[PDB]
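Here you get one chain, nothing else, as structure tokens; it is the form deposited in one PDB entry.
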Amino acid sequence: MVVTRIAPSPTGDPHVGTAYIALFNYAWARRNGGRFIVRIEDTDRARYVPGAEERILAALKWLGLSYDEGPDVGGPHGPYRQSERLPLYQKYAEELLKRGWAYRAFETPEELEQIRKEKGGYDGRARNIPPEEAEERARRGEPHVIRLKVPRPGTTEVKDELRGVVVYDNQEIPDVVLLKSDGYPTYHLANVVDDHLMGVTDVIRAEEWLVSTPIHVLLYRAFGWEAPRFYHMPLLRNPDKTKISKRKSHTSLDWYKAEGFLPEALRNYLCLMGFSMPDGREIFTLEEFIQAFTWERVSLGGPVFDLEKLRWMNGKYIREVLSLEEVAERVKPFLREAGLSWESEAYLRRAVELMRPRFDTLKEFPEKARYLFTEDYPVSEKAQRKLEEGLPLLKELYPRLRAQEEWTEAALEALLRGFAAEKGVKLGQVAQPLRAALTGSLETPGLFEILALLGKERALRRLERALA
């Protein structure tokens, strides 16, 4: 069948590039009724960040992805954390040693640096150490690493399903270390061992790994295992076209969640990086994406992540994909965070309804409609000027307002329309200043709905402080 995986390294914030890749592995697996695996690649104890694992795992679920096997969902080929698989890599490294597909090298990092400075890269000098001597020095406990013994001279063919065949000359392939002197494996060794033991048949990862694939093809040969298919996706880019990074772009998935982007929208935007629906449609569900997925519709250029288009899509989701109620619910955390409270579900729902076409992120809602939940709201200088210019007619309208029994949008409008007419003046000449008094802003939703919202008492009560 088809078995895919996402192999995040817990070394920092949950990365958007990881979400992007996970997304296509998930679709390919599901599209073929296969299995999507999560394997935590925590082999670099120096860069390992505690708490990073939970964060990427939580973020993948937040985005809407589900995995069939992994650290927290079980699976028949665990552990799904490489740090817990050390004896396994050890065993396989030693097997390569015995097959004469690798050798022990005992150079100190300082020496390797010198070698690199003199000849560039490693010259594979340790291959000249007698096998028995190497084993003896190993038993004595002399620190060392185990390196891949590349067949020299030679050539190595890699097959990328999206770009065709690429033939590397072994002189371009270094005798990479397979097992570090701390007993930990390097990415290359653990990747091939685990992909094979976990049954991965389709390796989908970012293009940054294409050049290292020949190393993997050689490892599969050394172990005598069948290589899986390889699909290298393009790298997400910063505005300047360099691969997306923390200092030039927001690469943390937690940042997106904290900023009020809907996971559904972010995921939908991510699907547009290197992929498109047959009919050009831009808004679609995760399930629709799975069904339409085809490698024929995947484009290879490096896409720049456009925060602006993402915000547009998030606003699109907010007003046309989700229902009023879903938005109302997803807005609560952000109200709380802003220290704002809402009277009841009915009030909140109506407030969200009035602001729906006016906010692209859940975070903008508490910011642009603060005056709807608290008396602690700012009044713009421009709102203040409009308020003063209209004080005279408001003073006159005030009593009419307090005379209104049916405090309804339909009624209030008729009342105001009349007041502006009998005063031989345009509605705006009264609407704008009333808006400023009611909200402290001159950019809000319709006046009648804003006036109606709080109810007679609250409306006039606030109007009074203004006329005061």
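From 1 onward, residues are counted along the sequence shown. In this text, the rigid core denotes the largest set of C-alpha atoms whose superposition between the two forms falls within 1.5 Å.
Here the subject shifts to the form deposited in another entry, a form of this protein not shown in this document.
With the two forms fitted on their core, the C-alpha shifts between the shown form and the other one stay under 2 Å for all of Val176, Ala383, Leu335, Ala328 except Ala383. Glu396: CA moves 2 Å or more between the shown form and the other one after rigid-core fitting. A displacement of less than 2 angstroms separates the C-alpha positions of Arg31 between the shown form and the other one, with the rigid core held in common. After superposition on the rigid core, displacement of the C-alpha of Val425 between the shown form and the other one amounts to 2 Å or more.
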